[PDB]
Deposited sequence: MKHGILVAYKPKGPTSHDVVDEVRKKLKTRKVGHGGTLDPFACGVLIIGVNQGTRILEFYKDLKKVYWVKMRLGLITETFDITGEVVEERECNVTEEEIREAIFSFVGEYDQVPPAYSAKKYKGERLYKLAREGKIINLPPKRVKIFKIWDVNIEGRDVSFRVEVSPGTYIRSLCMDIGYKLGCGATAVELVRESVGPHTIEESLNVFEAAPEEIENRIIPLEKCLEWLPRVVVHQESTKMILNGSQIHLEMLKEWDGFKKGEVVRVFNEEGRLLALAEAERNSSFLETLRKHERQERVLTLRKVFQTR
């Protein structure tokens, strides 16, 4: 029974949950989840948690992502992709200069409204559910930031490019907005998430074509997970304490590794075991004041 994260590949077609089920089918379990959904029409990196690993999934939602996208100008749908049933073709007569101009005009920060077809919630129901019932929701915008755009390739009306964006950014909205700026409209047709944080699509595995063994081996152990984030070590004695509630104090730490305030921290004992993730209560300077407050404990 392994416990950790699995960098999987979601083929174009099935939903993010269809991925989980596939996994939990192979590993014969139920403790399975993902740390970030991918629209069915898209494909790429999908962080999948196994057993105790599901507990750390929430930390991947804050990682930068890298997508390769291909939108089609002059196309518009209600879902912002090619799976929409209400399409509207529009005449596109813009110069490649006007296109690239619009594309890079988005590098930076802007307020992105979430597509009505999102998993966001309004009043106990999911937007995509409400949208299908005929009620479109207009949620408040989210200041999203586009870090950079590269490998732009223009072919007639099919524009394509790579982009790195902050967490919570919708590539569907990005395209729709670029199509607006261009007046002809735009719709995402192909979307490929090349990476989430440091997890590439190369390090990924197509759980749908692999066997249990193959899937098992590719699971990263809680220790090796969340490579980013500060890691502190505690004297082998204090371990039993931590595994039984108990906050962490100065006299329990053996190594520091500077960190912030409410910043998450990894807690290792001496034998080299992840004991728990905890939020700092201070900074990182030189009395038994609780210096770290538990945030999650692992009974692997």
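Q) Since the structure holds only modelled residues, which stretches of the deposited sequence does it leave out? A) In the chain as deposited, 287 to 294, 309 carry no coordinates.
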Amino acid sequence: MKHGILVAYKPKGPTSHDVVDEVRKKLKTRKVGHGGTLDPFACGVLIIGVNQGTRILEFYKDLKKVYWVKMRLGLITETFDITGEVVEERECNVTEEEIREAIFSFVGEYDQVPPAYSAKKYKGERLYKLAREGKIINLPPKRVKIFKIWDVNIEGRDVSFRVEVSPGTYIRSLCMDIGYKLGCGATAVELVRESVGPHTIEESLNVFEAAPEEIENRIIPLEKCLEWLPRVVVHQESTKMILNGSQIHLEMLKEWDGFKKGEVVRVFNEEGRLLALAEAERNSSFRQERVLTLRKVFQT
From here on, numbers count along this sequence of modelled residues.
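Q) Can you tell me which stretch has the higher mean Cα B-factor, 46 to 54 or 60 to 68? A) Mean B over CA atoms: larger for 60 to 68.
Q) Which is higher in the entry, the mean Cα B factor of 117 to 125 or that of 168 to 176? A) That would be 117 to 125.
Q: By the entry's C-alpha temperature factors, tell me which of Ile215, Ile137, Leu191, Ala102 sits highest.
A: Highest C-alpha B-factor among the listed options: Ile215.
Q. Looking at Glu133, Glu78, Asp151, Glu227, which has the highest Cα B-factor in the entry?
A. So the option with the highest C-alpha B-factor is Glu227.
Q. Looking at the C-alpha B-factor of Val267, is it in the lowest, middle or highest third of its chain?
A. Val267: CA B-factor falls in the middle third of its chain.
Q) Taking the C-alpha B-factors as the PDB entry records them, is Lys10 in the lowest, middle or highest third of its chain? A) Lowest third - that is where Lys10 ends up once the chain's C-alpha B-factors are sorted.
Q. C-alpha B factor of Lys260, ranked within the chain: lowest, middle or highest third?
A. For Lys260, whose C-alpha B-factor we compare with every modelled residue in the chain, the answer is the highest third.
Q.
Using only modelled residues of the chain, where does the Cα B factor of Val207 rank: lowest third, middle third or highest third?
A. Within its chain, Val207 is a middle-third residue by C-alpha B-factor, going by the deposited values.
Q. Taking the entry's C-alpha B-factors for this chain, is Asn93 in the lowest, middle or highest third?
A. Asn93: CA B-factor falls in the highest third of its chain.
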